[PDB]
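Worksheet for the structure shown next.
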Amino acid sequence: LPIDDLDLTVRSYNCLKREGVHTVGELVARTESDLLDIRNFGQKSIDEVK
DNA sequence: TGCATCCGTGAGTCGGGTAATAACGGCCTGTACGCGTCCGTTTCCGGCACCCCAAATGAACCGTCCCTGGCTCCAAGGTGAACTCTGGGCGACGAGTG
């Protein structure tokens with residue numbers, strides 16, 4: 001599924017659109033350390049992804 | 001009444017073909033073939049009695065497949081805010097630096 005289909009918010013949508021993360025398959029493949037490396041990452045984004 | 005004298009029986013299996021003598025006119029005809037002429041056949045040009053036959057020549061024709069009128073009734077486009085990152089700019093502080 002697309003991550004946006006999970007009814008996410010402004011910062012997460014902008015991060016997935018500018019960078020190019022499209023499906024939750026790559027998110028479930030990527031670990032928490034591999035996803036928190038992004039700069040200007042939001043604590044709310046971390047909480048919702050967790 | 002033997003006795004020789006034939007006499008007639010029989011005796012296995014999957015390169016070819018090799019020749020004389022005196023014979024010779026003369027006449028008849030029988031069938032197949034050739035010549036010339038003649039005639040039924042058939043084969044092809046032409047005409048109306050008309051048989052008309054026909055695509056081509058005049059309508060509608062009107063329902064339908066094209067235009068115009070305008071009316072809407074809604075979702076795309078334009079209008080705010082604030083806000084939550086997003087980022088720029090800013091100040092603080094130090095231990096390797098001088």
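All residue names refer to the structure tokens as shown: chains lettered A, B, ... in order, residues numbered from 1 in each chain, ligands numbered from 1 in order.
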
Original post:
Excluding same-chain residues fewer than 6 positions from segment 35-47 of chain A, what lies within 9 Å of it counting only C-alpha atoms (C1' of nucleotides), as a list in words?
Top reply: residues 8, 9, 11, 12, 15 and 27 of chain A; 85 and 86 of chain B

Original post:
Any idea what's packed within 12 Å of residue 4 of chain A, counting only C-alpha atoms (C1' of nucleotides), ignoring anything in its chain fewer than 2 positions away? Could you give it as a list in words?
Top reply: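 Near neighbours after the sequence-gap exclusion: residues 1, 2, 6, 7, 8, 9, 10, 11, 12, 13, 14, 15, 16, 17, 20, 21, 22, 23, 24, 27 and 49 of chain A.
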
Preceding selection exported with N, CA and C atoms as a short mmCIF file (atom, residue, chain, number, x, y, z; two decimals), in the first residue's frame:
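To be explicit, this is the file written out as out.cif:
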```cif
data_model
loop_
_atom_site.label_atom_id
_atom_site.label_comp_id
_atom_site.auth_asym_id
_atom_site.auth_seq_id
_atom_site.Cartn_x
_atom_site.Cartn_y
_atom_site.Cartn_z
N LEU A 1 0.83 -1.19 0.00
CA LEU A 1 0.00 0.00 0.00
C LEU A 1 0.87 1.26 0.00
N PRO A 2 0.41 2.33 -0.64
CA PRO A 2 1.09 3.62 -0.46
C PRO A 2 0.98 4.09 0.98
N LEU A 6 -2.41 5.57 4.23
CA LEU A 6 -2.57 5.44 5.67
C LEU A 6 -3.04 6.73 6.33
N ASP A 7 -3.45 7.73 5.55
CA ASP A 7 -3.99 8.99 6.06
C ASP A 7 -2.99 9.70 6.98
N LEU A 8 -1.86 10.08 6.38
CA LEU A 8 -0.78 10.75 7.08
C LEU A 8 -0.93 12.27 6.99
N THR A 9 0.12 12.99 7.37
CA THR A 9 0.05 14.42 7.61
C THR A 9 1.01 15.19 6.70
N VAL A 10 1.12 16.50 6.97
CA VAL A 10 1.81 17.43 6.08
C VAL A 10 3.27 17.02 5.89
N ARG A 11 4.01 16.93 7.00
CA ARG A 11 5.45 16.71 6.91
C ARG A 11 5.78 15.36 6.30
N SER A 12 5.06 14.31 6.70
CA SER A 12 5.30 12.99 6.13
C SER A 12 4.98 12.97 4.64
N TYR A 13 3.88 13.61 4.23
CA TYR A 13 3.55 13.67 2.81
C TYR A 13 4.63 14.39 2.02
N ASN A 14 5.11 15.52 2.54
CA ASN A 14 6.16 16.27 1.86
C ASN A 14 7.44 15.44 1.76
N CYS A 15 7.80 14.75 2.84
CA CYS A 15 9.01 13.94 2.83
C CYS A 15 8.91 12.80 1.82
N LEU A 16 7.75 12.13 1.76
CA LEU A 16 7.61 11.04 0.81
C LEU A 16 7.48 11.53 -0.63
N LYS A 17 7.02 12.76 -0.83
CA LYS A 17 6.85 13.27 -2.19
C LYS A 17 8.15 13.82 -2.76
N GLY A 20 10.73 10.55 -2.64
CA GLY A 20 10.31 9.48 -3.52
C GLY A 20 10.13 8.13 -2.86
N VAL A 21 9.55 8.11 -1.66
CA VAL A 21 9.16 6.87 -0.99
C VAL A 21 7.66 6.69 -1.22
N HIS A 22 7.29 5.59 -1.87
CA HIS A 22 5.95 5.44 -2.41
C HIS A 22 5.10 4.38 -1.73
N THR A 23 5.66 3.21 -1.42
CA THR A 23 4.89 2.09 -0.91
C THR A 23 5.32 1.75 0.51
N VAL A 24 4.40 1.16 1.27
CA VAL A 24 4.73 0.67 2.60
C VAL A 24 5.59 -0.58 2.57
N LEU A 27 8.92 0.61 3.34
CA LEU A 27 8.95 1.03 4.74
C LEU A 27 9.07 -0.16 5.68
N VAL A 49 4.89 6.30 12.27
CA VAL A 49 5.46 5.18 11.52
C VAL A 49 5.67 3.99 12.45
#
```
